[PDB]
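> generate a structure from the sequence data that follows.
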Amino acid sequence: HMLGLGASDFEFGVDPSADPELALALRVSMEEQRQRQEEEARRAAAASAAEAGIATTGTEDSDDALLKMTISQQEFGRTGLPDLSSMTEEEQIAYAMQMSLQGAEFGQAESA
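Residues are numbered from 1 along each chain as shown. Below you will find the coordinate block:
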């Protein structure tokens, strides 16, 4: 007789030839996880072998750079305060006049 009668005896989990797409996906997935467990496995192998000996952990050559780069993204990201309801009458006025201080024939204020 033939062997064409395996409905539950084999759920496509015995031969990779049963599926070419799943075959390559199983080789790319297993190899991917290995690189993660390896790059992390050897990482502890060197971090513990030298223990902060070969890997420096204090490259603060530009202490002011950390002070500038930190306030550079926080200052430009805030630009003061866009929230109008969370600002006194002068607070929103400073931002409105700050933009109309260098060239302003009218301004963007149609209410108060």
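> what comes up buried for stretch 55-64?
Buried residues in stretch 55-64, defined by neighbour count with 16 or more other Cβ atoms under 10 Å: none. No exception for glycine: its C-beta is placed from N, CA and C like everyone else's.
> endpoint to endpoint, that stretch covers what distance?
23 Å (Cα to Cα, to the nearest Å).
> longest helix of the chain?
helix 20-50 (DSSP state H).
> show me what secondary structure element comes after that helix.
Where DSSP states H and E defines the elements, the next helix or strand beyond helix 20-50 is helix 63-78.
> show me what that following helix is in contact with.
residue 60 (Cβ atoms under 8 Å, 6 or more residues apart in numbering).
> got the contact list for the helix or strand where residue 96 lies?
Using DSSP H and E, residue 96 sits in helix 89-99. With contact meaning Cβ under 8 Å, 6+ apart, helix 89-99 is reached by 80, 81, 84, 87, 107, 108, 109.
> so which of the residues you listed wins on neighbours?
For these, the largest neighbour count, defined by other Cβ atoms under 10 Å, is 15 neighbours, found at residue 87.
> ok, it to residue 71 distance?
According to Cβ to Cβ, to the nearest Å, residue 87 stands 21 Å off from residue 71.
> likewise for residue 31?
44 Å.
> ok, now residue 30?
For residue 30, the distance to residue 71 - Cβ to Cβ - is 47 Å.
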